[PDB]
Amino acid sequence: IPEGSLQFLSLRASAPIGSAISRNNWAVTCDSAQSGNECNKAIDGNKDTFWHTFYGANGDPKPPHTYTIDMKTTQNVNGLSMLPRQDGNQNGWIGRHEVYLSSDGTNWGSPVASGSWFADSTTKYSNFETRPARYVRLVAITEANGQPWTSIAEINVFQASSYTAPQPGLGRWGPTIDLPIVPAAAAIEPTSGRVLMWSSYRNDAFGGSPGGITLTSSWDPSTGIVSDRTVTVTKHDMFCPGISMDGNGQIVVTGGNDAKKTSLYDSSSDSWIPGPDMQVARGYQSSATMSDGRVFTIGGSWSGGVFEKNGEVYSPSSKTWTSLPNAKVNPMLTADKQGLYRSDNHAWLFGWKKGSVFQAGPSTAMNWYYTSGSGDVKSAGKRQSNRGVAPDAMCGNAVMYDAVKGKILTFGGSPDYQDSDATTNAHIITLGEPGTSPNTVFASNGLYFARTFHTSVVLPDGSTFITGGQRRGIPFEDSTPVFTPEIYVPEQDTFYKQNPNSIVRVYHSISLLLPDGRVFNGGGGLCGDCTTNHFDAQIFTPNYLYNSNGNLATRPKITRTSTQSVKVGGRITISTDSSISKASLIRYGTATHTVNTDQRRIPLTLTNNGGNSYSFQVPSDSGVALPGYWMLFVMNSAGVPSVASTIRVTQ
């Protein structure tokens, strides 16, 4: 008996890592309950009985509706589950919701989790960081269909095996954002400032695949609202696509199950529209935006035949894909045990000067790709250090934290895509002109924790946040998880462990830098009726946003910008509320399968005009300052960043 049905495009939701707390001694209360649908009906163990708020003769009071639990004793709570009514009737199904924890039952504080649950009969979960509590409260903000009622067939609360208070100075995890989909792919859509999330659909528990369906949702940081899941017949089964945000700011998704399809996200109408078909079938490949705004892609797993997966280029202006057969994929293949099926997967691509694209790995061999004529490829040497040659690092990460100096930090990964041990390998690559072999050195003493399928983002201050993953790569399995994130600080050539989280983020997980300076980490799974589909995300707040007291630090503010669009080499003048010491530009990102070829950081050279007025010039080379949308951050002497000001860079 699987969860849900094909009719609803259902998937089993992942539970927290813990056990259900005995409810025999619980005292429950609700804002209202119809006779016959008492509040204790949600804790009687009968899936066919449910609590239901007032209706009919008692009137139809609208939400919010609340369910409060007194567990009588303190427990280390890390989640809750909600089983909706199972009679086919949808009245009362909870949509938008919030979860609160309390030690006294009177001070509930702020929600430990909030978001929106999908409208179907499957068991829903709200998983969050462990916290001692005697009382738990679930608030239904809206009903799945906008109706006045709230109902619950069974509600449970989970306890972790232990609790350890977070250490001061190492950041903080929370809250959890509950979603109606597994965010397997995501991006920060620049025109709206929202986190766009999407996934494909498949569930062998039902069989008979629908075909070409894309499920999408979004989270707005300014309102905290998670939009309802949308089902689009894109005729593009993604699952393992390439993703880029072009020079104009449009999200371009390529290949996957439907190997030659291209889908574009039209931001003005919040919808996926068809793009031109690629010339070659590809899956698990990376794509990268170029200095001229075009998008380059190479690799594509294996296909029944003898068609090579050499490079090709997309033009947003002519809406065409053109093969670049001489931009050969062979030089970048790893020695994966599975051969061509995996050897060209997830290349560490970076658009660079004069239409070139640098490939930093995962293969030991690094290469330069060219896009003039029918393409070209030139060796850039091997990723290495005084410690030796770096081994193939499939699903390791690569982040360009200082584009002006050509700095790329690489870390983690394993020799084979699956069933192999990850390593602590980490390197710093310093890019020069196309065609030259960059110098490479080891980053500090490597990662604290070996990991693969982990994700990462460059932060406003130039540091790189690294999170999730597992010690041994096993897609869809939440084994050997790494719960402690790490931050690399370049000026100190040092890695720092941060406070750990409670949710496993492995294969199919993502991370993105939010405009407000925090990190959005979520997803993982997408395996039908499996127990590892994570329908959520969590926020990580870096230490730079907290003062010594534990409260939010005062942030510098950008009170004015002379323009919001500038050509490469151009100048922008700004005004701040107080003196600042540094500034940076971070390109908006996209993410899936550990790949993010869109993010990068440019340290800005400031000019002090006095009176808290500063100006800066955007790098003249579009290979460094890739066209598209960027986030402008200013930092004070204490290292605290402002929230981002959106800037569009053009040619």
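Note that residue numbering begins at 1 and tracks the sequence as displayed.
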Stretch with the higher entry mean CA B-factor, where the candidates are 203-211 and 98-106: 203-211
Stretch exceeding the other in mean C-alpha B-factor - 33-41, 617-625: 33-41
Most elevated Cα B-factor in the entry, residues 385, 289, 479, 318: 318
Highest recorded Cα temperature factor - choice among 376, 129, 577, 336: 577
Chain-relative CA temperature factor third for residue 47: highest
Lowest, middle or highest third - CA B-factor, residue 60: highest
Position of residue 447 among the chain's modelled residues by C-alpha B-factor, lowest, middle or highest third: lowest
Within-chain third of residue 516 by Cα B-factor, per the entry: middle
Residue 585 by Cα B-factor - lowest, middle or highest third of the modelled chain: lowest
